[PDB]
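The next block is protein-v7.cif, given as mmCIF, N, CA, C and O atoms and all ligand atoms.
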```
data_input
loop_
_atom_site.label_atom_id
_atom_site.label_comp_id
_atom_site.auth_asym_id
_atom_site.auth_seq_id
_atom_site.Cartn_x
_atom_site.Cartn_y
_atom_site.Cartn_z
N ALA B 1 -1.23 36.98 27.75
CA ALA B 1 -2.17 36.16 28.50
C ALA B 1 -2.20 34.71 28.04
O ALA B 1 -2.57 33.84 28.83
N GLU B 2 -1.81 34.42 26.79
CA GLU B 2 -1.91 33.08 26.22
C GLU B 2 -0.73 32.82 25.29
O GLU B 2 -0.88 32.76 24.06
N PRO B 3 0.49 32.73 25.84
CA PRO B 3 1.66 32.45 24.99
C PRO B 3 1.56 31.14 24.21
O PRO B 3 2.18 31.02 23.14
N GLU B 4 0.79 30.16 24.70
CA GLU B 4 0.58 28.88 24.05
C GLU B 4 -0.36 28.94 22.85
O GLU B 4 -0.59 27.90 22.22
N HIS B 5 -0.90 30.12 22.53
CA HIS B 5 -1.89 30.30 21.47
C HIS B 5 -1.52 29.57 20.18
O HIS B 5 -2.28 28.72 19.70
N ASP B 6 -0.37 29.89 19.59
CA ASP B 6 -0.03 29.33 18.29
C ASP B 6 0.20 27.83 18.37
O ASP B 6 -0.21 27.09 17.47
N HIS B 7 0.84 27.37 19.44
CA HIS B 7 1.22 25.96 19.53
C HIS B 7 -0.02 25.09 19.70
O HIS B 7 -0.09 23.98 19.15
N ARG B 8 -0.99 25.58 20.47
CA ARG B 8 -2.23 24.84 20.68
C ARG B 8 -3.03 24.67 19.39
O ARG B 8 -3.61 23.61 19.16
N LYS B 9 -3.06 25.70 18.54
CA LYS B 9 -3.73 25.58 17.25
C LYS B 9 -3.01 24.61 16.31
O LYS B 9 -3.67 23.89 15.55
N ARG B 10 -1.68 24.59 16.33
CA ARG B 10 -0.97 23.61 15.52
C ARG B 10 -1.29 22.20 15.99
O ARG B 10 -1.52 21.30 15.18
N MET B 11 -1.33 21.99 17.31
CA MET B 11 -1.75 20.70 17.85
C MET B 11 -3.20 20.42 17.49
O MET B 11 -3.55 19.29 17.14
N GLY B 12 -4.06 21.43 17.60
CA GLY B 12 -5.46 21.26 17.26
C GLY B 12 -5.66 20.76 15.84
O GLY B 12 -6.55 19.95 15.58
N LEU B 13 -4.83 21.24 14.91
CA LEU B 13 -4.92 20.76 13.53
C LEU B 13 -4.55 19.29 13.45
O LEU B 13 -5.22 18.50 12.78
N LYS B 14 -3.47 18.90 14.13
CA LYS B 14 -3.05 17.51 14.13
C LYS B 14 -4.09 16.63 14.80
O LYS B 14 -4.32 15.49 14.38
N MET B 15 -4.75 17.15 15.84
CA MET B 15 -5.77 16.37 16.53
C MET B 15 -6.97 16.13 15.62
O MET B 15 -7.53 15.02 15.61
N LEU B 16 -7.39 17.14 14.86
CA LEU B 16 -8.51 16.97 13.94
C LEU B 16 -8.18 15.97 12.84
O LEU B 16 -9.01 15.14 12.48
N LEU B 17 -6.97 16.06 12.28
CA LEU B 17 -6.59 15.15 11.20
C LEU B 17 -6.51 13.71 11.69
O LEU B 17 -7.01 12.80 11.01
N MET B 18 -5.90 13.47 12.85
CA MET B 18 -5.84 12.11 13.37
C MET B 18 -7.23 11.58 13.69
O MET B 18 -7.51 10.39 13.48
N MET B 19 -8.12 12.45 14.19
CA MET B 19 -9.46 11.98 14.52
C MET B 19 -10.22 11.65 13.25
O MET B 19 -11.00 10.69 13.23
N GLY B 20 -9.99 12.41 12.18
CA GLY B 20 -10.67 12.15 10.93
C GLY B 20 -10.25 10.83 10.34
O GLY B 20 -10.99 10.22 9.56
N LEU B 21 -9.04 10.37 10.68
CA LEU B 21 -8.60 9.03 10.32
C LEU B 21 -9.11 7.99 11.32
O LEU B 21 -9.73 7.00 10.93
N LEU B 22 -8.86 8.20 12.62
CA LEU B 22 -9.08 7.14 13.60
C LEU B 22 -10.55 6.88 13.85
O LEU B 22 -10.93 5.75 14.17
N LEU B 23 -11.40 7.91 13.75
CA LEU B 23 -12.81 7.70 14.07
C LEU B 23 -13.44 6.73 13.08
O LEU B 23 -14.11 5.78 13.53
N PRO B 24 -13.28 6.88 11.76
CA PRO B 24 -13.92 5.90 10.87
C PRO B 24 -13.25 4.53 10.91
O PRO B 24 -13.94 3.52 10.73
N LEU B 25 -11.93 4.47 11.16
CA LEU B 25 -11.27 3.17 11.27
C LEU B 25 -11.74 2.41 12.50
O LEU B 25 -12.00 1.20 12.43
N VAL B 26 -11.85 3.08 13.65
CA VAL B 26 -12.32 2.41 14.86
C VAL B 26 -13.79 2.07 14.70
O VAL B 26 -14.25 1.01 15.15
N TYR B 27 -14.55 2.97 14.08
CA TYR B 27 -15.92 2.66 13.71
C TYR B 27 -15.97 1.41 12.84
O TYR B 27 -16.84 0.55 13.03
N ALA B 28 -15.03 1.28 11.91
CA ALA B 28 -15.02 0.11 11.03
C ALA B 28 -14.71 -1.17 11.80
O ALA B 28 -15.28 -2.23 11.50
N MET B 29 -13.81 -1.10 12.79
CA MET B 29 -13.55 -2.27 13.62
C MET B 29 -14.78 -2.67 14.43
O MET B 29 -15.05 -3.86 14.61
N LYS B 30 -15.52 -1.68 14.94
CA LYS B 30 -16.74 -1.99 15.68
C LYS B 30 -17.73 -2.71 14.77
O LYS B 30 -18.24 -3.78 15.11
N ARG B 31 -17.98 -2.14 13.59
CA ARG B 31 -18.93 -2.74 12.66
C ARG B 31 -18.45 -4.11 12.20
O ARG B 31 -19.27 -5.02 11.98
N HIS B 32 -17.14 -4.28 12.04
CA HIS B 32 -16.59 -5.57 11.60
C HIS B 32 -16.96 -6.69 12.57
O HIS B 32 -17.51 -7.72 12.17
N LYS B 33 -16.67 -6.49 13.86
CA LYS B 33 -16.96 -7.52 14.86
C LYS B 33 -18.46 -7.72 15.01
O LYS B 33 -18.94 -8.86 15.09
N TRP B 34 -19.21 -6.62 15.07
CA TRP B 34 -20.64 -6.65 15.31
C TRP B 34 -21.45 -7.22 14.14
O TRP B 34 -22.60 -7.61 14.34
N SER B 35 -20.87 -7.27 12.94
CA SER B 35 -21.60 -7.77 11.77
C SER B 35 -22.10 -9.20 11.95
O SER B 35 -23.15 -9.55 11.41
N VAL B 36 -21.37 -10.04 12.70
CA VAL B 36 -21.85 -11.38 13.06
C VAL B 36 -23.26 -11.31 13.64
O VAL B 36 -24.12 -12.15 13.33
N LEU B 37 -23.51 -10.32 14.49
CA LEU B 37 -24.79 -10.19 15.18
C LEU B 37 -25.81 -9.41 14.37
O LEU B 37 -27.00 -9.74 14.38
N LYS B 38 -25.38 -8.36 13.67
CA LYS B 38 -26.33 -7.49 13.00
C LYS B 38 -27.03 -8.19 11.84
O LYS B 38 -28.16 -7.83 11.50
N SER B 39 -26.40 -9.22 11.25
CA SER B 39 -27.00 -9.98 10.16
C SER B 39 -27.45 -11.38 10.56
O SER B 39 -27.92 -12.13 9.70
N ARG B 40 -27.31 -11.75 11.83
CA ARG B 40 -27.81 -13.03 12.29
C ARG B 40 -29.31 -13.15 12.04
O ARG B 40 -30.05 -12.16 12.09
N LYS B 41 -29.75 -14.37 11.76
CA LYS B 41 -31.16 -14.68 11.51
C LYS B 41 -31.63 -15.72 12.51
O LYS B 41 -30.89 -16.65 12.85
N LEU B 42 -32.86 -15.55 13.00
CA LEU B 42 -33.46 -16.43 13.99
C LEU B 42 -34.63 -17.19 13.39
O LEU B 42 -35.31 -16.70 12.49
N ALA B 43 -34.84 -18.41 13.90
CA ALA B 43 -36.03 -19.18 13.55
C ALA B 43 -36.50 -19.98 14.76
O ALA B 43 -35.68 -20.47 15.54
N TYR B 44 -37.82 -20.07 14.91
CA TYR B 44 -38.45 -20.74 16.04
C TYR B 44 -39.14 -21.96 15.45
O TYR B 44 -40.03 -21.82 14.60
N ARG B 45 -38.75 -23.15 15.89
CA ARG B 45 -39.34 -24.40 15.41
C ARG B 45 -39.81 -25.28 16.55
O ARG B 45 -39.14 -26.26 16.91
N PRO B 46 -40.94 -24.95 17.17
CA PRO B 46 -41.41 -25.74 18.31
C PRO B 46 -42.01 -27.06 17.82
O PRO B 46 -42.51 -27.13 16.69
N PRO B 47 -41.95 -28.12 18.63
CA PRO B 47 -42.66 -29.35 18.26
C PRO B 47 -44.16 -29.12 18.21
O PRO B 47 -44.72 -28.31 18.96
N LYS B 48 -44.82 -29.83 17.30
CA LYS B 48 -46.27 -29.85 17.22
C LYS B 48 -46.81 -31.27 17.39
O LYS B 48 -47.07 -31.71 18.51
N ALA H 1 -14.04 -58.51 -4.69
CA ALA H 1 -12.90 -58.84 -3.84
C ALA H 1 -13.15 -60.18 -3.18
O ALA H 1 -14.21 -60.39 -2.57
N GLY H 2 -12.19 -61.08 -3.29
CA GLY H 2 -12.28 -62.38 -2.67
C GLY H 2 -11.56 -63.42 -3.52
O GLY H 2 -10.61 -63.09 -4.24
N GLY H 3 -12.03 -64.66 -3.42
CA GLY H 3 -11.48 -65.74 -4.21
C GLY H 3 -12.11 -65.81 -5.58
O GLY H 3 -13.14 -66.47 -5.76
N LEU H 4 -11.51 -65.14 -6.56
CA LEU H 4 -12.09 -65.05 -7.89
C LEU H 4 -11.05 -64.52 -8.85
O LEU H 4 -10.33 -63.57 -8.53
N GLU H 5 -10.98 -65.12 -10.03
CA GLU H 5 -10.06 -64.66 -11.06
C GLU H 5 -10.66 -63.48 -11.81
O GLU H 5 -11.87 -63.43 -12.06
N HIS H 6 -9.81 -62.51 -12.16
CA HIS H 6 -10.29 -61.31 -12.84
C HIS H 6 -10.88 -61.63 -14.20
O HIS H 6 -11.77 -60.91 -14.68
N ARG H 7 -10.39 -62.68 -14.86
CA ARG H 7 -10.97 -63.12 -16.12
C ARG H 7 -12.46 -63.39 -15.98
O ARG H 7 -13.27 -62.96 -16.81
N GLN H 8 -12.84 -64.10 -14.92
CA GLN H 8 -14.24 -64.45 -14.70
C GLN H 8 -15.10 -63.20 -14.53
O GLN H 8 -16.18 -63.08 -15.12
N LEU H 9 -14.62 -62.25 -13.73
CA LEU H 9 -15.39 -61.04 -13.46
C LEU H 9 -15.59 -60.22 -14.73
O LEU H 9 -16.66 -59.64 -14.95
N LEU H 10 -14.56 -60.15 -15.59
CA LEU H 10 -14.69 -59.39 -16.82
C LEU H 10 -15.65 -60.07 -17.79
O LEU H 10 -16.42 -59.40 -18.48
N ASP H 11 -15.62 -61.41 -17.85
CA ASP H 11 -16.56 -62.14 -18.70
C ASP H 11 -18.00 -61.84 -18.30
O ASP H 11 -18.86 -61.63 -19.16
N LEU H 12 -18.28 -61.83 -17.00
CA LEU H 12 -19.64 -61.59 -16.54
C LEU H 12 -20.05 -60.14 -16.78
O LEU H 12 -21.22 -59.87 -17.09
N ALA H 13 -19.11 -59.21 -16.66
CA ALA H 13 -19.41 -57.81 -16.95
C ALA H 13 -19.81 -57.63 -18.41
O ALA H 13 -20.82 -57.00 -18.72
N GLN H 14 -19.02 -58.19 -19.33
CA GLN H 14 -19.37 -58.10 -20.75
C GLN H 14 -20.67 -58.82 -21.06
O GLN H 14 -21.30 -58.52 -22.08
N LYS H 15 -21.09 -59.77 -20.22
CA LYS H 15 -22.33 -60.48 -20.47
C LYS H 15 -23.54 -59.72 -19.94
O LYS H 15 -24.50 -59.48 -20.68
N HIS H 16 -23.51 -59.33 -18.67
CA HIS H 16 -24.68 -58.78 -18.00
C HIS H 16 -24.72 -57.26 -17.97
O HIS H 16 -25.74 -56.70 -17.55
N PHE H 17 -23.66 -56.57 -18.39
CA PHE H 17 -23.62 -55.11 -18.40
C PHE H 17 -23.39 -54.54 -19.79
O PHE H 17 -23.05 -53.36 -19.93
N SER H 18 -23.57 -55.35 -20.84
CA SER H 18 -23.40 -54.83 -22.20
C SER H 18 -24.56 -53.92 -22.60
O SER H 18 -24.37 -53.00 -23.40
N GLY H 19 -25.75 -54.16 -22.06
CA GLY H 19 -26.92 -53.38 -22.41
C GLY H 19 -26.93 -51.96 -21.89
O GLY H 19 -27.90 -51.23 -22.15
N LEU H 20 -25.90 -51.54 -21.16
CA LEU H 20 -25.87 -50.19 -20.62
C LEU H 20 -25.78 -49.15 -21.73
O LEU H 20 -25.46 -49.46 -22.89
N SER H 21 -26.05 -47.90 -21.37
CA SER H 21 -25.96 -46.81 -22.32
C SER H 21 -24.52 -46.63 -22.77
O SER H 21 -23.58 -46.74 -21.98
N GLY H 22 -24.34 -46.34 -24.06
CA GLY H 22 -23.02 -46.15 -24.63
C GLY H 22 -22.26 -45.00 -24.02
O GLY H 22 -22.69 -44.40 -23.03
N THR H 23 -21.11 -44.66 -24.62
CA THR H 23 -20.28 -43.60 -24.07
C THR H 23 -20.95 -42.24 -24.20
O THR H 23 -20.90 -41.43 -23.26
N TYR H 24 -21.58 -41.96 -25.34
CA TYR H 24 -22.27 -40.70 -25.53
C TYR H 24 -23.64 -40.73 -24.85
O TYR H 24 -24.28 -41.77 -24.74
N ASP H 25 -24.07 -39.55 -24.39
CA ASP H 25 -25.32 -39.41 -23.65
C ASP H 25 -26.13 -38.20 -24.13
O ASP H 25 -26.85 -37.57 -23.35
N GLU H 26 -26.02 -37.86 -25.42
CA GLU H 26 -26.88 -36.85 -26.05
C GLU H 26 -26.62 -35.44 -25.50
O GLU H 26 -27.50 -34.59 -25.55
N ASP H 27 -25.42 -35.20 -24.97
CA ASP H 27 -25.03 -33.89 -24.46
C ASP H 27 -25.94 -33.45 -23.32
O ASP H 27 -26.80 -32.58 -23.50
N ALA H 28 -25.75 -34.05 -22.15
CA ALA H 28 -26.49 -33.71 -20.94
C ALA H 28 -25.75 -34.27 -19.73
O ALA H 28 -26.36 -34.91 -18.87
N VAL H 29 -24.44 -34.03 -19.67
CA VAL H 29 -23.58 -34.65 -18.67
C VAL H 29 -23.70 -33.87 -17.35
O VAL H 29 -23.75 -32.64 -17.38
N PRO H 30 -23.74 -34.54 -16.19
CA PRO H 30 -23.61 -33.80 -14.93
C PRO H 30 -22.16 -33.40 -14.70
O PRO H 30 -21.29 -34.26 -14.53
N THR H 31 -21.90 -32.10 -14.70
CA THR H 31 -20.58 -31.55 -14.41
C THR H 31 -20.64 -30.88 -13.04
O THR H 31 -21.25 -29.81 -12.89
N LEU H 32 -20.02 -31.51 -12.04
CA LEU H 32 -20.02 -30.95 -10.69
C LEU H 32 -19.30 -29.61 -10.67
O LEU H 32 -18.11 -29.53 -10.97
N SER H 33 -20.04 -28.56 -10.32
CA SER H 33 -19.42 -27.27 -10.11
C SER H 33 -18.74 -27.24 -8.74
O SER H 33 -19.11 -27.99 -7.84
N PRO H 34 -17.74 -26.38 -8.56
CA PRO H 34 -17.17 -26.20 -7.22
C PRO H 34 -18.24 -25.70 -6.25
O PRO H 34 -19.25 -25.12 -6.64
N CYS H 35 -17.99 -25.94 -4.96
CA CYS H 35 -18.95 -25.62 -3.91
C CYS H 35 -18.32 -24.64 -2.93
O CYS H 35 -17.35 -24.98 -2.25
N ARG H 36 -18.89 -23.44 -2.87
CA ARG H 36 -18.40 -22.40 -1.98
C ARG H 36 -18.48 -22.85 -0.53
O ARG H 36 -19.54 -23.28 -0.05
N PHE H 37 -17.36 -22.74 0.18
CA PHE H 37 -17.32 -22.90 1.62
C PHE H 37 -17.53 -21.55 2.28
O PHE H 37 -16.95 -20.54 1.86
N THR H 38 -18.35 -21.53 3.33
CA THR H 38 -18.72 -20.30 4.03
C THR H 38 -18.40 -20.45 5.51
O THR H 38 -18.98 -21.31 6.18
N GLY H 39 -17.49 -19.62 6.01
CA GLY H 39 -17.31 -19.48 7.44
C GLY H 39 -18.58 -18.94 8.06
O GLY H 39 -19.02 -17.84 7.72
N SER H 40 -19.18 -19.71 8.96
CA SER H 40 -20.53 -19.42 9.44
C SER H 40 -20.79 -20.28 10.66
O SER H 40 -19.98 -21.12 11.04
N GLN H 41 -21.95 -20.06 11.28
CA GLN H 41 -22.32 -20.77 12.49
C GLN H 41 -23.82 -20.96 12.51
O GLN H 41 -24.58 -20.05 12.14
N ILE H 42 -24.24 -22.14 12.97
CA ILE H 42 -25.65 -22.47 13.17
C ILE H 42 -25.79 -23.10 14.54
O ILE H 42 -25.09 -24.06 14.87
N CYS H 43 -26.69 -22.55 15.35
CA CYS H 43 -26.95 -23.02 16.71
C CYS H 43 -28.42 -23.40 16.81
O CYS H 43 -29.28 -22.56 16.57
N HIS H 44 -28.69 -24.66 17.15
CA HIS H 44 -30.04 -25.10 17.48
C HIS H 44 -30.07 -25.28 18.99
O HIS H 44 -29.62 -26.30 19.52
N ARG H 45 -30.61 -24.29 19.68
CA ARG H 45 -30.69 -24.30 21.13
C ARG H 45 -31.85 -25.19 21.57
O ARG H 45 -32.99 -25.01 21.14
N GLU H 46 -31.56 -26.16 22.44
CA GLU H 46 -32.58 -27.07 22.97
C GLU H 46 -32.10 -27.54 24.34
O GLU H 46 -31.35 -28.51 24.46
N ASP H 47 -32.52 -26.82 25.38
CA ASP H 47 -32.05 -27.14 26.73
C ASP H 47 -32.72 -28.38 27.30
O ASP H 47 -32.27 -28.89 28.34
N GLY H 48 -33.77 -28.89 26.67
CA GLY H 48 -34.38 -30.13 27.10
C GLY H 48 -33.55 -31.37 26.84
O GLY H 48 -33.87 -32.44 27.38
N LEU H 49 -32.48 -31.26 26.02
CA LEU H 49 -31.63 -32.41 25.75
C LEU H 49 -30.50 -32.50 26.78
O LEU H 49 -30.00 -31.47 27.25
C1 LIG B 101 3.11 8.37 32.62
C2 LIG B 101 2.33 8.66 31.34
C3 LIG B 101 0.94 9.23 31.63
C4 LIG B 101 0.14 9.62 30.36
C5 LIG B 101 -1.38 9.73 30.65
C6 LIG B 101 -2.22 10.26 29.47
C7 LIG B 101 -3.71 10.63 29.79
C8 LIG B 101 -4.68 10.48 28.57
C9 LIG B 101 -5.04 11.79 27.78
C10 LIG B 101 -5.31 11.59 26.24
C11 LIG B 101 -5.11 12.87 25.37
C12 LIG B 101 -5.16 12.71 23.80
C13 LIG B 101 -4.03 13.39 22.94
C14 LIG B 101 -3.55 14.85 23.31
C15 LIG B 101 -2.09 15.25 22.95
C16 LIG B 101 -1.97 16.05 21.66
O1 LIG B 101 -2.74 16.93 21.30
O2 LIG B 101 -1.03 15.61 20.79
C17 LIG B 101 -0.44 16.57 19.92
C18 LIG B 101 0.62 15.90 18.98
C19 LIG B 101 1.43 17.01 18.25
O3 LIG B 101 2.29 17.58 19.17
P1 LIG B 101 3.48 18.71 18.70
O4 LIG B 101 3.19 19.13 17.29
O5 LIG B 101 3.63 19.60 19.89
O6 LIG B 101 4.91 17.77 18.59
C20 LIG B 101 5.11 16.99 17.46
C21 LIG B 101 6.31 16.05 17.69
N1 LIG B 101 6.48 15.07 16.60
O7 LIG B 101 -0.05 15.11 17.95
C22 LIG B 101 -1.38 14.81 18.00
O8 LIG B 101 -2.23 15.63 17.72
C23 LIG B 101 -1.73 13.42 18.50
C24 LIG B 101 -3.18 13.32 19.00
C25 LIG B 101 -4.09 12.60 17.99
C26 LIG B 101 -5.60 12.50 18.36
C27 LIG B 101 -5.90 11.85 19.73
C28 LIG B 101 -6.37 10.38 19.66
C29 LIG B 101 -6.40 9.69 21.04
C30 LIG B 101 -5.95 8.21 20.99
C31 LIG B 101 -5.79 7.53 22.36
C32 LIG B 101 -4.38 7.62 22.98
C33 LIG B 101 -4.37 7.68 24.52
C34 LIG B 101 -3.13 6.98 25.12
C35 LIG B 101 -3.17 6.90 26.65
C36 LIG B 101 -1.84 6.46 27.25
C37 LIG B 101 -1.88 6.42 28.78
#
```

Rewrite the structure of this file - the entire thing - as structure tokens.
Amino acid sequence: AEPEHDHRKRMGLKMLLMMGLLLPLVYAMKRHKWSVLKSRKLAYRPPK
Amino acid sequence: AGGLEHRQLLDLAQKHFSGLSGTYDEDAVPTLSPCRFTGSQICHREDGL
């Protein structure tokens, strides 16, 4: 019923390993660019 | 700078600038430290200008 059984699990292992690498690296690229905004500071100086 | 001999300028320096503090200054010299450059941005938004 499922001749692809073994091959799909071998691929599944490779998919998990690549995701364990790519997810934190892509997460790191997101945080890298966004850090400009996440640490920005604002000040309001109206005339008096 | 101008029409003047360097002899004259040195004579006046030794006359009117001799009273300055000597070479030693009691160990309190200003030593300029290096100044960190920071890649950064500052925006003062003012649409009335
Ligand atoms: C005309 C072209 C049209 C293409 C359209 C594609 C549609 C997008 C579908 C995306 C599916 C994700 C991967 C499944 C395959 C698999 O699981 O990969 C199995 C293969 C092992 O294979 P093996 O051991 O059999 O051989 C081995 C021979 N050396 O390694 C992997 O684990 C790679 C998958 C890693 C994790 C996925 C990360 C996704 C990144 C985005 C890339 C998308 C590119 C899109 C290009 C159009």

Please produce, as a tab-separated table, a per-residue contact table for chain B versus ligand LIG 101 (chain B) (criterion: any atom at most 8 Å away, only C-alpha atoms and all ligand atoms considered), showing the nearest atom pair and its distance in Å to one decimal, sorted by chain then residue number.
```
residue	atom	partner	partner_atom	distance
B:7	CA	B:LIG101	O5	6.8
B:8	CA	B:LIG101	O5	7.9
B:10	CA	B:LIG101	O4	6.4
B:11	CA	B:LIG101	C17	4.8
B:12	CA	B:LIG101	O8	6.5
B:13	CA	B:LIG101	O8	7.1
B:14	CA	B:LIG101	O8	4.1
B:15	CA	B:LIG101	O8	3.8
B:16	CA	B:LIG101	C26	6.9
B:17	CA	B:LIG101	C25	7.7
B:18	CA	B:LIG101	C25	5.0
B:19	CA	B:LIG101	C26	5.5
B:22	CA	B:LIG101	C28	7.4
```

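With only N, CA, C and O atoms as the atoms that count, the minimum distance from chain B to the choices H:35, H:20, H:42, H:12 is reached by H:42.
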
> What gap, in Å, lies between atom O of residue 45 of chain H and atom N of residue 31 of chain B?
Replying inline: 28.4 Å

> For chain H against chain B, which residues fall within 12 Å using only C-alpha atoms, given as a VMD selection string?
Replying inline: chain H and resid 39 to 46

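The two atoms in question, atom CA of residue 32 of chain B and atom CA of residue 20 of chain B, are spaced 18.7 Å apart.
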
Edge lengths and centre in Å to one decimal, as AutoDock Vina command-line options, is what I'm after for the box along x, y and z that holds all listed atoms of segment 39-45 of chain B once 3 Å is added on each side.
```
--center_x -33.2 --center_y -17.7 --center_z 13.3 --size_x 19.6 --size_y 23.0 --size_z 13.2
```

> Distance atom CA of residue 38 of chain B-atom CA of residue 37 of chain H, one decimal place?
Replying inline: 21.2 Å

> Taking the backbone alone, and naming residues the way the document does, which bits of chain B are helix (DSSP H, G or I) by DSSP, as a VMD selection string?
Replying inline: chain B and resid 5 to 38

With N, CA, C and O atoms retained, could you export that selection as a compact mmCIF listing (two decimals), keeping the file's coordinate frame?
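Final output, again.txt:
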```txt
# COMPACT_ATOMS: atom_id res chain seq x y z
N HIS B 5 -0.90 30.12 22.53
CA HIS B 5 -1.89 30.30 21.47
C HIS B 5 -1.52 29.57 20.18
O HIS B 5 -2.28 28.72 19.70
N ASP B 6 -0.37 29.89 19.59
CA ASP B 6 -0.03 29.33 18.29
C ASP B 6 0.20 27.83 18.37
O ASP B 6 -0.21 27.09 17.47
N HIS B 7 0.84 27.37 19.44
CA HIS B 7 1.22 25.96 19.53
C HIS B 7 -0.02 25.09 19.70
O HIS B 7 -0.09 23.98 19.15
N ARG B 8 -0.99 25.58 20.47
CA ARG B 8 -2.23 24.84 20.68
C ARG B 8 -3.03 24.67 19.39
O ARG B 8 -3.61 23.61 19.16
N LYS B 9 -3.06 25.70 18.54
CA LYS B 9 -3.73 25.58 17.25
C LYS B 9 -3.01 24.61 16.31
O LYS B 9 -3.67 23.89 15.55
N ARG B 10 -1.68 24.59 16.33
CA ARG B 10 -0.97 23.61 15.52
C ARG B 10 -1.29 22.20 15.99
O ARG B 10 -1.52 21.30 15.18
N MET B 11 -1.33 21.99 17.31
CA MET B 11 -1.75 20.70 17.85
C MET B 11 -3.20 20.42 17.49
O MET B 11 -3.55 19.29 17.14
N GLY B 12 -4.06 21.43 17.60
CA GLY B 12 -5.46 21.26 17.26
C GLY B 12 -5.66 20.76 15.84
O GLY B 12 -6.55 19.95 15.58
N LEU B 13 -4.83 21.24 14.91
CA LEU B 13 -4.92 20.76 13.53
C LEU B 13 -4.55 19.29 13.45
O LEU B 13 -5.22 18.50 12.78
N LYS B 14 -3.47 18.90 14.13
CA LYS B 14 -3.05 17.51 14.13
C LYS B 14 -4.09 16.63 14.80
O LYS B 14 -4.32 15.49 14.38
N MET B 15 -4.75 17.15 15.84
CA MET B 15 -5.77 16.37 16.53
C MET B 15 -6.97 16.13 15.62
O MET B 15 -7.53 15.02 15.61
N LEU B 16 -7.39 17.14 14.86
CA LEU B 16 -8.51 16.97 13.94
C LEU B 16 -8.18 15.97 12.84
O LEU B 16 -9.01 15.14 12.48
N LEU B 17 -6.97 16.06 12.28
CA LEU B 17 -6.59 15.15 11.20
C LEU B 17 -6.51 13.71 11.69
O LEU B 17 -7.01 12.80 11.01
N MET B 18 -5.90 13.47 12.85
CA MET B 18 -5.84 12.11 13.37
C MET B 18 -7.23 11.58 13.69
O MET B 18 -7.51 10.39 13.48
N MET B 19 -8.12 12.45 14.19
CA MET B 19 -9.46 11.98 14.52
C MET B 19 -10.22 11.65 13.25
O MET B 19 -11.00 10.69 13.23
N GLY B 20 -9.99 12.41 12.18
CA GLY B 20 -10.67 12.15 10.93
C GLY B 20 -10.25 10.83 10.34
O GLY B 20 -10.99 10.22 9.56
N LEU B 21 -9.04 10.37 10.68
CA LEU B 21 -8.60 9.03 10.32
C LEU B 21 -9.11 7.99 11.32
O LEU B 21 -9.73 7.00 10.93
N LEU B 22 -8.86 8.20 12.62
CA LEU B 22 -9.08 7.14 13.60
C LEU B 22 -10.55 6.88 13.85
O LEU B 22 -10.93 5.75 14.17
N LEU B 23 -11.40 7.91 13.75
CA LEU B 23 -12.81 7.70 14.07
C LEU B 23 -13.44 6.73 13.08
O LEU B 23 -14.11 5.78 13.53
N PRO B 24 -13.28 6.88 11.76
CA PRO B 24 -13.92 5.90 10.87
C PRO B 24 -13.25 4.53 10.91
O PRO B 24 -13.94 3.52 10.73
N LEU B 25 -11.93 4.47 11.16
CA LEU B 25 -11.27 3.17 11.27
C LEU B 25 -11.74 2.41 12.50
O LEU B 25 -12.00 1.20 12.43
N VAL B 26 -11.85 3.08 13.65
CA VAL B 26 -12.32 2.41 14.86
C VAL B 26 -13.79 2.07 14.70
O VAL B 26 -14.25 1.01 15.15
N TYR B 27 -14.55 2.97 14.08
CA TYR B 27 -15.92 2.66 13.71
C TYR B 27 -15.97 1.41 12.84
O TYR B 27 -16.84 0.55 13.03
N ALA B 28 -15.03 1.28 11.91
CA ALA B 28 -15.02 0.11 11.03
C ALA B 28 -14.71 -1.17 11.80
O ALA B 28 -15.28 -2.23 11.50
N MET B 29 -13.81 -1.10 12.79
CA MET B 29 -13.55 -2.27 13.62
C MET B 29 -14.78 -2.67 14.43
O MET B 29 -15.05 -3.86 14.61
N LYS B 30 -15.52 -1.68 14.94
CA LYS B 30 -16.74 -1.99 15.68
C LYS B 30 -17.73 -2.71 14.77
O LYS B 30 -18.24 -3.78 15.11
N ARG B 31 -17.98 -2.14 13.59
CA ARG B 31 -18.93 -2.74 12.66
C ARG B 31 -18.45 -4.11 12.20
O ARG B 31 -19.27 -5.02 11.98
N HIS B 32 -17.14 -4.28 12.04
CA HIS B 32 -16.59 -5.57 11.60
C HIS B 32 -16.96 -6.69 12.57
O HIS B 32 -17.51 -7.72 12.17
N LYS B 33 -16.67 -6.49 13.86
CA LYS B 33 -16.96 -7.52 14.86
C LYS B 33 -18.46 -7.72 15.01
O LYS B 33 -18.94 -8.86 15.09
N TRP B 34 -19.21 -6.62 15.07
CA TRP B 34 -20.64 -6.65 15.31
C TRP B 34 -21.45 -7.22 14.14
O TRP B 34 -22.60 -7.61 14.34
N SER B 35 -20.87 -7.27 12.94
CA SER B 35 -21.60 -7.77 11.77
C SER B 35 -22.10 -9.20 11.95
O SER B 35 -23.15 -9.55 11.41
N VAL B 36 -21.37 -10.04 12.70
CA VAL B 36 -21.85 -11.38 13.06
C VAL B 36 -23.26 -11.31 13.64
O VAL B 36 -24.12 -12.15 13.33
N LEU B 37 -23.51 -10.32 14.49
CA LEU B 37 -24.79 -10.19 15.18
C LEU B 37 -25.81 -9.41 14.37
O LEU B 37 -27.00 -9.74 14.38
N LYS B 38 -25.38 -8.36 13.67
CA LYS B 38 -26.33 -7.49 13.00
C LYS B 38 -27.03 -8.19 11.84
O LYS B 38 -28.16 -7.83 11.50
```
